[PDB]
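**Q** Here you go, one structure.
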Amino acid sequence: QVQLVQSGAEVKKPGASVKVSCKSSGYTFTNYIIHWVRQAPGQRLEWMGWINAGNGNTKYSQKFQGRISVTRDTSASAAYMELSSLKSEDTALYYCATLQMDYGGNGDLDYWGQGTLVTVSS
Amino acid sequence: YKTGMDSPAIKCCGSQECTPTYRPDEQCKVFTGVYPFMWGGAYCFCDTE
Amino acid sequence: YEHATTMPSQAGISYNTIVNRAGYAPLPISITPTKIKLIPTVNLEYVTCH
Amino acid sequence: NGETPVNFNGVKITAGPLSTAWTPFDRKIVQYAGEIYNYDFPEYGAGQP
Amino acid sequence: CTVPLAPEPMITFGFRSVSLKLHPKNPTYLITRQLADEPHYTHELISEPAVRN
Amino acid sequence: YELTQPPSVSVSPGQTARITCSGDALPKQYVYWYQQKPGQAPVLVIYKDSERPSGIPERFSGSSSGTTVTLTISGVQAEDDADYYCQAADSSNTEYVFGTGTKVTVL
Amino acid sequence: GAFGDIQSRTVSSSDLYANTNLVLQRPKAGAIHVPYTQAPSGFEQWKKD
Amino acid sequence: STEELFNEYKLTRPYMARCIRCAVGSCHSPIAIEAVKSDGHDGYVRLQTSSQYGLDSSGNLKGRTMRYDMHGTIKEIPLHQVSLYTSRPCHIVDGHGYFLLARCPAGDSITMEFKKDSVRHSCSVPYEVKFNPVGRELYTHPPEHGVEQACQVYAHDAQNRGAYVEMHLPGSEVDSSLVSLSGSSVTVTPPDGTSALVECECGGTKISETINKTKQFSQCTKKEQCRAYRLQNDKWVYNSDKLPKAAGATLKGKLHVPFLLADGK
Amino acid sequence: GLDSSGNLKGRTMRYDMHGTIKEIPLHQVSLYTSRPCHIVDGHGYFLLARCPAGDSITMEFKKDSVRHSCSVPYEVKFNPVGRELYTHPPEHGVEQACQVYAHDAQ
Amino acid sequence: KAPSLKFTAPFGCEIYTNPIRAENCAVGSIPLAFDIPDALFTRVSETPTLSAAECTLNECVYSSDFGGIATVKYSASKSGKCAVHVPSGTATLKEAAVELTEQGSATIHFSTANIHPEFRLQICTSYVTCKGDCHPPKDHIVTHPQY
Ligand SMILES: *[C@@H]1O[C@H](CO)[C@@H](O)[C@H](O)[C@H]1NC(C)=O
């Protein structure tokens, strides 16, 4: 099987930067793109961007400029997404998207991670 | 006479067998190790066999 | 032990012989010339072209 | 050549000399396009138009 | 470069004899030699169908 | 650029249901239908715009006509309630866009 | 290569006896074609002489 | 003529076949010559060509037109823009379907040429063309006068006689132009409204027949790794030996041979 | 290989006309010996072409309305490879070693 | 030019270049001088000794190849290897050595030009006398030289 493991849920005061890691394994990991997707509780899924883990190339959403910054390392085989300038609306669940099946590319993303929950302290 | 020829049957990374002869002077042959090359690039992605 | 045999210089044809001793078992010798070459020594006198 | 032994496992083999001195090439030969011709070419400085 | 390949000669065997029936498409060279002390080589150019013993 | 989708639908159990998604660049793009059970991550239910993966129940089907795509569930059970999204890409084939989602209601 | 190399009982008959030394050759590298070799038509040869 | 003669030729497509001498080198020509028949008498030959005659790229009759396959697109030219010659210039009498009736002198080969946009397309094949005199006077150019004698000539009629050739299901033709490369990822975008069987041998074998619009196969790094055959299989093609064969039952009908050899004076 | 200015071009023939150097694309230049010849390439003063056998060779082109032609009685030869005498290269056969004017300008 | 040497050479020589060679000329004979150490030699006691052997020519055609089979019935002292050979030039043996068991029959392929062959087949120690009749072969012409 293929495993995608992220860090546990944590709380940050708005105005800081949130760091979320995403380790991945189980397939021909030389060329697979990992997608970061954000979901508000009971709202639409929002695709923020993707990272080509093998090559290192990154792509972000149109309305995600500068505030978003994703990166990876070869040794740990893990994405290292960084999102600076948190807000109250940023409270949401974050998921990694990658495909278990053997076709690859757009849309086809079978197995997801458990996600990381970001909120504001009560 | 007119020597008719069937279009070649090409198999990439594979093997084929000769169909029994049923036509006047008909005969078949399987050539192994071909790399057919159509107008749109190489036909097979398979160097041999 | 010394032997002096003679075989035809026909390539690709095996040639079998037996050696016999007064108090030893006969032994077989098979020689197969796969290729016999004749290489003369040549001196380049000159070179001619159009 | 009669002179040279070949040795293996204590066995010595002394092949030669060849019975016949016949050769296909004559004294003067010509090489062209990977083929050999028995040609009586003129000597250097003695070519003719 | 690719050179043509003449049609296979039609060979009939007899006692110390070989008869070749030849049907060339282009003027084709037939070369022949004995594997003996006297090759007696023949070298012919054949354009029309021929039978050579 | 956005893929319009109805907010929610209600269909009685044992009855086929339609989920419709639309887009401007849809006729030259592939729809991926994603089903999400609340509390955990979504699971792909339809890929390649027409045929389901292995293990998905056979009641799911999908088709594309013009600028619209429809996902049909034959004989909806109680376990078919979840977020249903249509996923595609931007007209420039560079931005991934998800659908709004349909809250299918099963009694 | 001679008259009657191919033979049909009548003009409209579905039978045909053919004997033309049709021989299939190996295709040229990177080419999709059926290279064959056979004796030239015997009817044309008979017409010539 | 109407459409009675072309009823079976409107279900067929031109094809691109290998030519051994095509302007520069050996290539895949749109006018590859399959056979040249010169058994008639007064220097009339019947060529069989990969291109098609008498009808336009859309499939409708146009009087004197050669439609040819060019990298998957059927294009057109007037028949007067095509040149034929064996040792001296030939003259094209007519063309029907895959066949062309021309008047040629004797020669050791035959060459067919035309220029469409900017490049010159040529195919020269080593098929001997013979001129056969009629009677007991061995002329080379037909006389201006004399006496009428019976002869066999390739007639200028395309009517349905007893001769036929087969039409078959075309084999899948590979197209490497479909496979492009996004950032370290192959992507196959088939022609608009046409399928493309992607046969691919990256980590994990891929057989993706049903791609219609686009598909990115991110498992692959380089274009040369794996292929995208172009599936059309709607128009049937002649059973040429210079095309791949489609699997299964392939025969689909019969095409009548026009310009058959006929009696005259 | 290059134009009148002295800059590399793809397939261009430049010629002297009454003191001034002019240029013309190579596809407007025709060549024939007894049948039309096909030009493979050109470089400097030299031109590589594919020509049938003939007793003379003629080179023509047309600039404005005047046809510039030059015919010379230099025999052009066709040399079959092997022991089968053909006048046009076969579509298939067997590969044999030959010597051909290579299409390179090294 | 006239044909090259590869087409006009006597004795079936094959002419090659780089270097200029003539290969497989069927002329002359090679004299071989052998100096064999006594280590390879085995005493008569060590080798099996043959007894009660009879040779039958169950098939013979005097063809160029090995067109004859000889079956020898043997009752040997022990298993081993026998240097089977014909000292005479009547027949040429395909096998220079044959496996030997305690009791049984051994088949040997031989080629002879004699219509009525009769030779002395030599085995490990015995000298069996083998006789029979041979018959003309099918093929008028073959593609190998006579053995
Ligand atoms: C010798 O040639 C004749 C014709 O020239 C032919 O009939 C005959 O068959 C040939 N010999 C043999 C043994 O075939």
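Each chain in the structure tokens gets a letter, A, B and so on, in the order shown; residues start at 1 in every chain, and ligands are counted from 1 in the order they appear.
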Counting only C-alpha atoms and all ligand atoms, what are the residues, protein, DNA or RNA alike, that approach ligand 1 to within 12 Å? I want them as number ranges by chain.
**A** E: 10-21, 50-53; J: 140-141
**Q** So which residues touch residue H:171 within 7 Å, counting only C-alpha atoms, skipping near sequence neighbours fewer than 3 positions away, as a PyMOL selection string?
**A** chain H and resi 244-246
**Q** With only C-alpha atoms considered, list every residue of chain D at most 8 Å from chain J, as number ranges by chain.
**A** D: 10-20, 24, 34-38
**Q** Output N, CA and C atoms for every residue in the selection just made, as a PDB file, in the first residue's frame.
**A**
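After the write, selection_3.pdb holds the following:
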ATOM      1  N   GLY D  10      50.964 -30.157 -19.926  1.00  0.00           N
ATOM      2  CA  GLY D  10      52.127 -30.996 -20.124  1.00  0.00           C
ATOM      3  C   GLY D  10      52.281 -31.562 -21.518  1.00  0.00           C
ATOM      4  N   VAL D  11      51.290 -31.378 -22.383  1.00  0.00           N
ATOM      5  CA  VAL D  11      51.317 -31.882 -23.750  1.00  0.00           C
ATOM      6  C   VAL D  11      51.900 -30.808 -24.657  1.00  0.00           C
ATOM      7  N   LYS D  12      52.830 -31.209 -25.517  1.00  0.00           N
ATOM      8  CA  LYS D  12      53.442 -30.325 -26.501  1.00  0.00           C
ATOM      9  C   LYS D  12      52.987 -30.728 -27.898  1.00  0.00           C
ATOM     10  N   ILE D  13      52.547 -29.751 -28.687  1.00  0.00           N
ATOM     11  CA  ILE D  13      52.113 -29.982 -30.061  1.00  0.00           C
ATOM     12  C   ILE D  13      52.939 -29.089 -30.973  1.00  0.00           C
ATOM     13  N   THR D  14      53.609 -29.693 -31.947  1.00  0.00           N
ATOM     14  CA  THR D  14      54.464 -28.974 -32.889  1.00  0.00           C
ATOM     15  C   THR D  14      53.909 -29.171 -34.298  1.00  0.00           C
ATOM     16  N   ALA D  15      52.978 -28.303 -34.684  1.00  0.00           N
ATOM     17  CA  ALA D  15      52.347 -28.411 -35.993  1.00  0.00           C
ATOM     18  C   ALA D  15      53.243 -27.826 -37.075  1.00  0.00           C
ATOM     19  N   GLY D  16      53.279 -28.494 -38.225  1.00  0.00           N
ATOM     20  CA  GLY D  16      53.989 -27.985 -39.373  1.00  0.00           C
ATOM     21  C   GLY D  16      55.232 -28.787 -39.690  1.00  0.00           C
ATOM     22  N   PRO D  17      55.915 -28.444 -40.793  1.00  0.00           N
ATOM     23  CA  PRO D  17      55.530 -27.419 -41.772  1.00  0.00           C
ATOM     24  C   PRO D  17      54.473 -27.917 -42.753  1.00  0.00           C
ATOM     25  N   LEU D  18      53.770 -26.998 -43.416  1.00  0.00           N
ATOM     26  CA  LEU D  18      52.761 -27.387 -44.392  1.00  0.00           C
ATOM     27  C   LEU D  18      53.386 -28.190 -45.525  1.00  0.00           C
ATOM     28  N   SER D  19      52.647 -29.196 -45.994  1.00  0.00           N
ATOM     29  CA  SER D  19      53.168 -30.084 -47.029  1.00  0.00           C
ATOM     30  C   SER D  19      53.389 -29.346 -48.343  1.00  0.00           C
ATOM     31  N   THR D  20      52.467 -28.467 -48.717  1.00  0.00           N
ATOM     32  CA  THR D  20      52.512 -27.773 -49.996  1.00  0.00           C
ATOM     33  C   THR D  20      52.769 -26.288 -49.780  1.00  0.00           C
ATOM     34  N   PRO D  24      47.442 -18.927 -53.248  1.00  0.00           N
ATOM     35  CA  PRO D  24      46.611 -18.319 -54.300  1.00  0.00           C
ATOM     36  C   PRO D  24      47.161 -17.001 -54.806  1.00  0.00           C
ATOM     37  N   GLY D  34      37.841  -4.232 -50.775  1.00  0.00           N
ATOM     38  CA  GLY D  34      37.810  -5.459 -50.007  1.00  0.00           C
ATOM     39  C   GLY D  34      37.972  -6.718 -50.821  1.00  0.00           C
ATOM     40  N   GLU D  35      38.463  -6.610 -52.052  1.00  0.00           N
ATOM     41  CA  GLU D  35      38.682  -7.759 -52.912  1.00  0.00           C
ATOM     42  C   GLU D  35      40.113  -7.739 -53.425  1.00  0.00           C
ATOM     43  N   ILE D  36      40.657  -8.927 -53.667  1.00  0.00           N
ATOM     44  CA  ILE D  36      42.048  -9.098 -54.068  1.00  0.00           C
ATOM     45  C   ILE D  36      42.081  -9.615 -55.497  1.00  0.00           C
ATOM     46  N   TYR D  37      42.884  -8.971 -56.337  1.00  0.00           N
ATOM     47  CA  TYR D  37      43.053  -9.350 -57.730  1.00  0.00           C
ATOM     48  C   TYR D  37      44.515  -9.673 -57.990  1.00  0.00           C
ATOM     49  N   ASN D  38      44.752 -10.697 -58.805  1.00  0.00           N
ATOM     50  CA  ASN D  38      46.097 -11.034 -59.262  1.00  0.00           C
ATOM     51  C   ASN D  38      46.372 -10.206 -60.509  1.00  0.00           C
TER      52      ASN D  38
END
**Q** Kindly give the distance, in Å, that separates atom CA of residue H:6 and atom CA of residue H:97, rounded to a single decimal.
**A**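 So the two atoms, atom CA of residue H:6 and atom CA of residue H:97, lie 7.7 Å apart.
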**Q** Can you tell me which residues surround stretch 103-105 of chain F at a distance of at most 9 Å, considering only C-alpha atoms, apart from same-chain residues fewer than 2 positions away, and format the answer as a VMD selection string?
**A** chain F and resid 6 to 12 17 19 78 80 to 84 101 107
**Q** Report as a PyMOL selection string all protein, DNA and RNA residues lying within 7 Å of residue H:198, evaluated on only C-alpha atoms, omitting residues in the same chain fewer than 6 positions from it.
**A** chain H and resi 207-209+227-229
**Q** Keeping only N, CA, C and O atoms, write the selected residues to a file as a PDB file, in the first residue's frame.
**A**
ATOM      1  N   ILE H 207      -2.038   0.922 -20.442  1.00  0.00           N
ATOM      2  CA  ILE H 207      -2.784   0.765 -21.683  1.00  0.00           C
ATOM      3  C   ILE H 207      -4.036   1.621 -21.563  1.00  0.00           C
ATOM      4  O   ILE H 207      -5.064   1.164 -21.051  1.00  0.00           O
ATOM      5  N   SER H 208      -3.962   2.870 -22.014  1.00  0.00           N
ATOM      6  CA  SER H 208      -5.081   3.798 -21.854  1.00  0.00           C
ATOM      7  C   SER H 208      -5.686   4.069 -23.223  1.00  0.00           C
ATOM      8  O   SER H 208      -5.356   5.049 -23.891  1.00  0.00           O
ATOM      9  N   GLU H 209      -6.596   3.190 -23.642  1.00  0.00           N
ATOM     10  CA  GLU H 209      -7.210   3.338 -24.957  1.00  0.00           C
ATOM     11  C   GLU H 209      -8.104   4.567 -25.013  1.00  0.00           C
ATOM     12  O   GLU H 209      -7.993   5.392 -25.925  1.00  0.00           O
ATOM     13  N   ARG H 227       4.438   5.316 -26.293  1.00  0.00           N
ATOM     14  CA  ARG H 227       3.818   5.689 -27.558  1.00  0.00           C
ATOM     15  C   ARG H 227       2.327   5.966 -27.409  1.00  0.00           C
ATOM     16  O   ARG H 227       1.669   5.501 -26.473  1.00  0.00           O
ATOM     17  N   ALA H 228       1.795   6.705 -28.384  1.00  0.00           N
ATOM     18  CA  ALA H 228       0.377   7.060 -28.456  1.00  0.00           C
ATOM     19  C   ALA H 228      -0.120   6.802 -29.877  1.00  0.00           C
ATOM     20  O   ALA H 228       0.013   7.660 -30.752  1.00  0.00           O
ATOM     21  N   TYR H 229      -0.688   5.621 -30.100  1.00  0.00           N
ATOM     22  CA  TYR H 229      -1.246   5.280 -31.400  1.00  0.00           C
ATOM     23  C   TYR H 229      -2.559   6.017 -31.631  1.00  0.00           C
ATOM     24  O   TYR H 229      -3.370   6.177 -30.716  1.00  0.00           O
TER      25      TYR H 229
END
**Q** List the spatial neighbours of stretch 21-34 of chain G as a list in words - criterion: any atom at most 8 Å away, only C-alpha atoms, same-chain residues fewer than 2 positions off excluded.
**A**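 My reading of the contact set: residues 5, 7, 8, 25, 27, 28, 29, 31, 34, 35, 36, 37 and 38 of chain B; 7 and 8 of chain E; 19, 36, 37, 38 and 39 of chain G; 18, 241, 242, 243 and 244 of chain H; 92 and 93 of chain I.
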**Q** Near stretch 113-117 of chain H, counting only C-alpha atoms, which residues have an atom at most 10 Å away, once you skip same-chain residues fewer than 3 positions from it, shown as a short mmCIF file (atom, residue, chain, number, x, y, z; two decimals) with N, CA, C and O atoms, in the first residue's frame?
**A**
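Result file follows (selection.cif):
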data_model
loop_
_atom_site.label_atom_id
_atom_site.label_comp_id
_atom_site.auth_asym_id
_atom_site.auth_seq_id
_atom_site.Cartn_x
_atom_site.Cartn_y
_atom_site.Cartn_z
N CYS H 22 12.13 9.52 -52.58
CA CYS H 22 11.14 10.59 -52.44
C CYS H 22 11.87 11.93 -52.28
O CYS H 22 12.14 12.38 -51.17
N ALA H 23 12.20 12.55 -53.42
CA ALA H 23 12.80 13.88 -53.47
C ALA H 23 14.18 13.88 -52.82
O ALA H 23 15.18 14.12 -53.50
N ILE H 31 1.90 9.89 -51.83
CA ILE H 31 1.57 9.44 -53.18
C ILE H 31 2.39 8.20 -53.52
O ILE H 31 2.76 7.99 -54.68
N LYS H 75 -5.98 16.12 -47.55
CA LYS H 75 -5.87 17.39 -48.25
C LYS H 75 -6.09 17.16 -49.74
O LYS H 75 -6.17 16.03 -50.21
N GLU H 76 -6.19 18.26 -50.50
CA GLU H 76 -6.62 18.21 -51.89
C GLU H 76 -5.63 18.95 -52.79
O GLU H 76 -4.90 19.83 -52.35
N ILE H 77 -5.64 18.56 -54.06
CA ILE H 77 -4.94 19.31 -55.10
C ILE H 77 -5.67 19.06 -56.42
O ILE H 77 -6.30 18.00 -56.58
N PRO H 78 -5.66 19.99 -57.36
CA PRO H 78 -6.17 19.68 -58.70
C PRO H 78 -5.30 18.63 -59.38
O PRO H 78 -4.10 18.54 -59.13
N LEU H 79 -5.93 17.83 -60.23
CA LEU H 79 -5.20 16.78 -60.92
C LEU H 79 -4.20 17.33 -61.93
O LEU H 79 -3.25 16.63 -62.29
N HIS H 80 -4.38 18.57 -62.39
CA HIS H 80 -3.42 19.14 -63.33
C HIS H 80 -2.15 19.63 -62.65
O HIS H 80 -1.20 20.00 -63.34
N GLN H 81 -2.12 19.64 -61.32
CA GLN H 81 -0.92 20.00 -60.58
C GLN H 81 -0.01 18.82 -60.31
O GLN H 81 1.09 19.01 -59.77
N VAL H 82 -0.43 17.61 -60.66
CA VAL H 82 0.36 16.40 -60.45
C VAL H 82 1.08 16.05 -61.74
O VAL H 82 0.49 16.11 -62.83
N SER H 83 2.35 15.69 -61.62
CA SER H 83 3.20 15.37 -62.76
C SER H 83 3.63 13.91 -62.69
O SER H 83 3.91 13.39 -61.61
N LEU H 84 3.68 13.26 -63.84
CA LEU H 84 4.08 11.87 -63.96
C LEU H 84 5.10 11.76 -65.08
O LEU H 84 4.97 12.42 -66.11
N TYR H 85 6.13 10.94 -64.87
CA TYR H 85 7.09 10.68 -65.95
C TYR H 85 7.87 9.41 -65.69
O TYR H 85 8.19 9.09 -64.54
N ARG H 120 8.18 20.03 -52.24
CA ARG H 120 7.91 19.19 -53.40
C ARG H 120 7.82 17.74 -52.94
O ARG H 120 8.76 17.22 -52.32
N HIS H 121 6.69 17.10 -53.22
CA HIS H 121 6.45 15.71 -52.88
C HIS H 121 6.66 14.87 -54.12
O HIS H 121 6.03 15.12 -55.15
N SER H 122 7.54 13.88 -54.02
CA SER H 122 7.87 13.02 -55.15
C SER H 122 7.95 11.59 -54.67
O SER H 122 8.26 11.33 -53.51
N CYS H 123 7.62 10.66 -55.56
CA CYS H 123 7.80 9.23 -55.33
C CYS H 123 8.24 8.60 -56.63
O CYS H 123 7.52 8.68 -57.63
N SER H 124 9.43 8.01 -56.63
CA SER H 124 9.97 7.31 -57.79
C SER H 124 10.13 5.84 -57.42
O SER H 124 10.77 5.51 -56.42
#
**Q** Give me the residues within 12 Å of stretch 44-49 of chain E as a PyMOL selection string, counting only C-alpha atoms and dropping any in the same chain fewer than 3 places off.
**A** (chain E and resi 6-7+9-10+20-33+41+52) or (chain G and resi 1-2+39-42+45-46+48-49) or (chain I and resi 83-86) or (chain J and resi 2-3)
**Q** Which residues of stretch 3-100 of chain J come within 7 Å of stretch 25-32 of chain C, and for each one, what is the closest pair of atoms and their distance in Å to one decimal, counting only C-alpha atoms, sorted by chain and residue number, as a tab-separated table?
**A**
residue	atom	partner	partner_atom	distance
J:41	CA	C:25	CA	6.7
J:42	CA	C:25	CA	5.4
J:43	CA	C:25	CA	5.4
J:44	CA	C:25	CA	5.0
J:47	CA	C:25	CA	6.3
J:83	CA	C:28	CA	5.4
J:96	CA	C:28	CA	6.1
J:97	CA	C:28	CA	6.8
**Q** What does the file look like for those residues with N, CA and C atoms, as a PDB file, in the first residue's frame?
**A**
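part_19.pdb, written as the output of this step:
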ATOM      1  N   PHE J  41      48.384 -41.201 -19.529  1.00  0.00           N
ATOM      2  CA  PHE J  41      48.297 -42.618 -19.854  1.00  0.00           C
ATOM      3  C   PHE J  41      47.835 -43.423 -18.646  1.00  0.00           C
ATOM      4  N   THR J  42      47.035 -44.454 -18.905  1.00  0.00           N
ATOM      5  CA  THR J  42      46.533 -45.348 -17.872  1.00  0.00           C
ATOM      6  C   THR J  42      46.938 -46.777 -18.198  1.00  0.00           C
ATOM      7  N   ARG J  43      47.276 -47.540 -17.163  1.00  0.00           N
ATOM      8  CA  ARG J  43      47.715 -48.913 -17.354  1.00  0.00           C
ATOM      9  C   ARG J  43      46.555 -49.797 -17.806  1.00  0.00           C
ATOM     10  N   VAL J  44      46.910 -50.955 -18.364  1.00  0.00           N
ATOM     11  CA  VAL J  44      45.908 -51.882 -18.884  1.00  0.00           C
ATOM     12  C   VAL J  44      44.986 -52.357 -17.767  1.00  0.00           C
ATOM     13  N   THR J  47      42.210 -49.661 -17.003  1.00  0.00           N
ATOM     14  CA  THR J  47      41.157 -49.539 -17.998  1.00  0.00           C
ATOM     15  C   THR J  47      40.333 -50.824 -18.066  1.00  0.00           C
ATOM     16  N   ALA J  83      38.710 -46.231 -26.400  1.00  0.00           N
ATOM     17  CA  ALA J  83      39.171 -45.496 -27.575  1.00  0.00           C
ATOM     18  C   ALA J  83      38.913 -46.360 -28.805  1.00  0.00           C
ATOM     19  N   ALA J  96      35.436 -40.945 -31.409  1.00  0.00           N
ATOM     20  CA  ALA J  96      36.771 -41.387 -31.031  1.00  0.00           C
ATOM     21  C   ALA J  96      36.798 -42.095 -29.685  1.00  0.00           C
ATOM     22  N   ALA J  97      35.691 -42.077 -28.946  1.00  0.00           N
ATOM     23  CA  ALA J  97      35.606 -42.744 -27.657  1.00  0.00           C
ATOM     24  C   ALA J  97      34.157 -43.129 -27.401  1.00  0.00           C
TER      25      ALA J  97
END
**Q** To one decimal in Å, tell me the separation between atom CA of residue H:127 and atom CA of residue H:27.
**A**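 Answer for the atom CA of residue H:127 to atom CA of residue H:27 separation: 17.9 Å.
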**Q** Which one of G:10, G:18, G:47, G:35 sits closest to chain B if you count only C-alpha atoms?
**A** G:18
**Q** Distance limit 8 Å, atoms considered: only C-alpha atoms. Which chain B residues sit that close to chain H? Return them as a PDB file with N, CA, C and O atoms, in the first residue's frame.
**A**
ATOM      1  N   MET B   5      -0.322  -9.351 -51.210  1.00  0.00           N
ATOM      2  CA  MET B   5       0.352  -9.380 -49.924  1.00  0.00           C
ATOM      3  C   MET B   5      -0.594  -8.857 -48.859  1.00  0.00           C
ATOM      4  O   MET B   5      -1.236  -7.821 -49.043  1.00  0.00           O
ATOM      5  N   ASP B   6      -0.680  -9.578 -47.749  1.00  0.00           N
ATOM      6  CA  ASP B   6      -1.414  -9.064 -46.610  1.00  0.00           C
ATOM      7  C   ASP B   6      -0.576  -8.019 -45.888  1.00  0.00           C
ATOM      8  O   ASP B   6       0.656  -8.055 -45.903  1.00  0.00           O
ATOM      9  N   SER B   7      -1.261  -7.068 -45.261  1.00  0.00           N
ATOM     10  CA  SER B   7      -0.562  -6.073 -44.470  1.00  0.00           C
ATOM     11  C   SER B   7       0.164  -6.755 -43.312  1.00  0.00           C
ATOM     12  O   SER B   7      -0.386  -7.651 -42.666  1.00  0.00           O
ATOM     13  N   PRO B   8       1.408  -6.364 -43.040  1.00  0.00           N
ATOM     14  CA  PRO B   8       2.184  -7.046 -42.000  1.00  0.00           C
ATOM     15  C   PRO B   8       1.527  -6.923 -40.637  1.00  0.00           C
ATOM     16  O   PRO B   8       0.976  -5.879 -40.285  1.00  0.00           O
ATOM     17  N   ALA B   9       1.590  -8.006 -39.868  1.00  0.00           N
ATOM     18  CA  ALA B   9       1.066  -8.028 -38.508  1.00  0.00           C
ATOM     19  C   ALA B   9       2.232  -7.822 -37.551  1.00  0.00           C
ATOM     20  O   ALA B   9       3.080  -8.705 -37.404  1.00  0.00           O
ATOM     21  N   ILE B  10       2.279  -6.662 -36.905  1.00  0.00           N
ATOM     22  CA  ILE B  10       3.409  -6.263 -36.073  1.00  0.00           C
ATOM     23  C   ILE B  10       3.012  -6.384 -34.611  1.00  0.00           C
ATOM     24  O   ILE B  10       1.948  -5.902 -34.207  1.00  0.00           O
ATOM     25  N   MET B  38       6.971   4.071 -38.523  1.00  0.00           N
ATOM     26  CA  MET B  38       5.913   4.683 -39.312  1.00  0.00           C
ATOM     27  C   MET B  38       6.232   6.149 -39.589  1.00  0.00           C
ATOM     28  O   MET B  38       7.308   6.654 -39.257  1.00  0.00           O
ATOM     29  N   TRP B  39       5.281   6.854 -40.209  1.00  0.00           N
ATOM     30  CA  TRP B  39       5.480   8.278 -40.456  1.00  0.00           C
ATOM     31  C   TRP B  39       5.444   9.076 -39.161  1.00  0.00           C
ATOM     32  O   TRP B  39       6.122  10.102 -39.048  1.00  0.00           O
ATOM     33  N   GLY B  40       4.660   8.630 -38.184  1.00  0.00           N
ATOM     34  CA  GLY B  40       4.619   9.281 -36.892  1.00  0.00           C
ATOM     35  C   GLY B  40       5.568   8.664 -35.889  1.00  0.00           C
ATOM     36  O   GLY B  40       5.152   8.266 -34.798  1.00  0.00           O
ATOM     37  N   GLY B  41       6.842   8.573 -36.244  1.00  0.00           N
ATOM     38  CA  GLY B  41       7.832   8.025 -35.342  1.00  0.00           C
ATOM     39  C   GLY B  41       7.846   6.509 -35.333  1.00  0.00           C
ATOM     40  O   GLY B  41       7.188   5.836 -36.128  1.00  0.00           O
ATOM     41  N   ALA B  42       8.625   5.970 -34.401  1.00  0.00           N
ATOM     42  CA  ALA B  42       8.760   4.527 -34.277  1.00  0.00           C
ATOM     43  C   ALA B  42       7.437   3.898 -33.872  1.00  0.00           C
ATOM     44  O   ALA B  42       6.706   4.434 -33.035  1.00  0.00           O
ATOM     45  N   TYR B  43       7.126   2.752 -34.477  1.00  0.00           N
ATOM     46  CA  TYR B  43       5.860   2.087 -34.190  1.00  0.00           C
ATOM     47  C   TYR B  43       5.883   1.412 -32.825  1.00  0.00           C
ATOM     48  O   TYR B  43       4.903   1.485 -32.075  1.00  0.00           O
ATOM     49  N   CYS B  44       6.988   0.758 -32.480  1.00  0.00           N
ATOM     50  CA  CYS B  44       7.108   0.024 -31.230  1.00  0.00           C
ATOM     51  C   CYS B  44       8.049   0.756 -30.284  1.00  0.00           C
ATOM     52  O   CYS B  44       9.035   1.361 -30.717  1.00  0.00           O
ATOM     53  N   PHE B  45       7.739   0.693 -28.992  1.00  0.00           N
ATOM     54  CA  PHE B  45       8.605   1.193 -27.934  1.00  0.00           C
ATOM     55  C   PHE B  45       9.594   0.143 -27.453  1.00  0.00           C
ATOM     56  O   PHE B  45      10.221   0.325 -26.404  1.00  0.00           O
TER      57      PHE B  45
END
**Q** Taking only C-alpha atoms into account, what are the residues of chain D at most 8 Å from chain C, put as a list in words?
**A** residues 23, 43 and 44 of chain D
**Q** Using N, CA, C and O atoms, can you write the selected residues to a file as an mmCIF file, in the first residue's frame?
**A**
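Generated output (selection_25.cif):
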data_model
loop_
_atom_site.group_PDB
_atom_site.id
_atom_site.type_symbol
_atom_site.label_atom_id
_atom_site.label_comp_id
_atom_site.auth_asym_id
_atom_site.auth_seq_id
_atom_site.Cartn_x
_atom_site.Cartn_y
_atom_site.Cartn_z
ATOM 1 N N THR D 23 50.222 -21.183 -52.983
ATOM 2 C CA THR D 23 49.481 -20.043 -52.469
ATOM 3 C C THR D 23 48.618 -19.464 -53.582
ATOM 4 O O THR D 23 49.004 -19.512 -54.756
ATOM 5 N N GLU D 43 55.387 -1.023 -62.213
ATOM 6 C CA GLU D 43 56.167 -0.605 -61.060
ATOM 7 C C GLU D 43 56.035 0.898 -60.848
ATOM 8 O O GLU D 43 55.614 1.642 -61.735
ATOM 9 N N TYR D 44 56.393 1.344 -59.645
ATOM 10 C CA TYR D 44 56.331 2.766 -59.340
ATOM 11 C C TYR D 44 57.253 3.541 -60.271
ATOM 12 O O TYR D 44 58.420 3.184 -60.449
#
